[PDB]
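Heads up: the structure comes next, in structure tokens.
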Amino acid sequence: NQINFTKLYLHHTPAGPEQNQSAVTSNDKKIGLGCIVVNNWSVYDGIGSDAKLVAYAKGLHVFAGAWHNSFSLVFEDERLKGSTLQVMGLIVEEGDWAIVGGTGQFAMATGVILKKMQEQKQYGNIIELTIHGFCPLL
Amino acid sequence: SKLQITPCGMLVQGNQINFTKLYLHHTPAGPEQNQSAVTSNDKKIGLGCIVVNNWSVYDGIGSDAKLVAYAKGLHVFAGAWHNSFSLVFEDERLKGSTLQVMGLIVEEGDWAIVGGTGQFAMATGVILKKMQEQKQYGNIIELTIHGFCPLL
Amino acid sequence: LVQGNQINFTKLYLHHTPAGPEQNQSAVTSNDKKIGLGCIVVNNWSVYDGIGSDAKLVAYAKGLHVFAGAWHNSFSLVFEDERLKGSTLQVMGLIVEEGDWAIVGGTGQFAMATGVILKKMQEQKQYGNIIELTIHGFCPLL
């Protein structure tokens with residue numbers, strides 16, 4: 001039994017008037033790593049001007065040749081308020097992420113999250129999320 | 001290197017562990033301060049502060065309580081506090097066994113048990129947070145551990 | 001019960017190089033002298049299939065470790081070999097040069113991986129050390 005999730009759309013905005021992340025450390029010129037970025041990525045349930053906010057991706061990603069992410073996917077949805085998905089994995093725009101756990105309605109969750117670039121804007125981009133999660137809450 | 005793959009089965013509801021009446025001392029200030037911020041929030045964005053924590057965990061409230069574990073890790077502010085730490089136990093019967101914890105919010109809410117080592121290998125579950133006592137230099141947070149350990 | 005596969009890695013050798021011309025990590029924050037914690041190091045540890053000059057690089061440990069009395073780790077173990085290219089193992093735990101690590105997830109060929117990673121000191125060098133990794137994990141079928 002797989003959780004029937006809709007495709008989510010993460011707004012990754014590094015700069016601009018709607019910037020939702022910030023770098024707190026920089027990369028060492030000798031090694032080429034070390035940059036840490038704290039992010040509060042907004043996550044919508046769809047595309048378009050009437051898409052509503054349903055979750056936040058609150059955490060950080062560090063650059064060590066590739067970006068290693070660690071964030072809580074906390075749901076602002078009315079029915080799923082409080083429940084979170086715990087995500088850890090490599091790369092922001094493409095690749096996969098691991099569902100290492102969850103809380104509330106998604107307690108003891110496990111699965112993966114597929115990422116796909118959908119739109120590149122001037123100060124950010126939108127990343128499509130496909131969640132293949134499983135919950136033994138039964 | 002060598003990678004072996006063996007088909008088998010996983011007993012999800014193998015060993016159920018339930019720890020009640022655990023109290024974490026979250027002390028951001030004072031002489032007993034057990035954490036420190038190493039970055040500050042970006043004044044334009046409103047986030048970025050990273051705090052490294054070594055929270056002590058006791059088996060009760062009062063003077064008869066004894067330290068049983070340390071919450072060693074970090075928590076970063078991105079509108080709320082996202083945690084990530086190893087709950088390493090220090091008592092005799094559980095020395096070495098750790099619980100890997102991730103989740104939002106420190107004072108309340110729920111934390112996710114994403115793994116463990118030693119006696120808590122492959123552990124999954126949740127940790128319930130509840131405000132127990134507010135103090136001058138911080139607060140005591142009651143923890144309620146509900147999880148499972150697969151046996152395989 | 002859940003049908004799956006028990007994955008067992010042996011003889012993986014991680015290069016932990018804090019200094020030298022092959023340094024593969026860098027501290028970004030310092031320890032707070034008042035409390036005794038706060039040092040954050042971002043690490044890109046190389047993992048090889050053996051010891052010696054004939055060893056091939058098979059994976060990277062990309063993440064970070066913070067000091068709070070001990071070293072709390074969080075990183076992705078992404079493999080570089082052709083068969084496992086892109087697949088990762090999500091790892092969290094305490095101590096770098098010894099002890100146990102926990103497998104909290106995985107992607108690609110190791111989706112929903114759960115288990116532990118054992119560490120053991122092998123070679124102590126002037127600029128770093130080499131840690132042998134033994135992985136005992138489980139992945140559910142598909």
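Values reported hereafter were calculated over all heavy atoms of this structure, with side chains retained and with hydrogens, waters and symmetry mates removed. Below, read A as the first sequence line, B as the second, and so on, with proteins coming before strands; counting in each chain starts at 1.
Among C:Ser74, C:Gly93, C:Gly137, C:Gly105, the residue with the largest count of heavy-atom pairs under 4.5 Å with chain B is C:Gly93. Per-residue counts of heavy-atom pairs under 4.5 Å with chain B were compared for C:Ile40, C:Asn8, C:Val47; the largest is that of C:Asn8. Contact tally against chain C (heavy-atom pairs below 4.5 Å) for B:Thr39, B:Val38, B:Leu99: the top residue is B:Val38. Among B:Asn54, B:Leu74, B:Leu3, the residue making the largest number of heavy-atom pairs under 4.5 Å with chain C is B:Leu3.
The cationic atom of C:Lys62 (NZ for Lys, CZ for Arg) lies less than 6.0 Å from the six-membered ring centre of C:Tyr60 and within 45° of the ring axis.
Taking the ring pair (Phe, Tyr, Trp, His ring centres under 6.0 Å) definition, one finds that C:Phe75 meets it with C:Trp101, sequence neighbours left out.
Checked by atom type, the side-chain pair B:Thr27/B:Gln33 shows no donor-acceptor distance below 3.5 Å. Side chains of B:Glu32 and B:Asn34: a donor-acceptor N/O pair is absent below 3.5 angstrom, by distance only.
Between B:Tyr58 and B:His25, the ring planes lie parallel to each other; the angle is under 30°, not in the 30° to 60° tilted range.
Proximity to chain B (any heavy atom under 4.5 Å) is shown, for C:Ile135, by neither the backbone nor the side chain.
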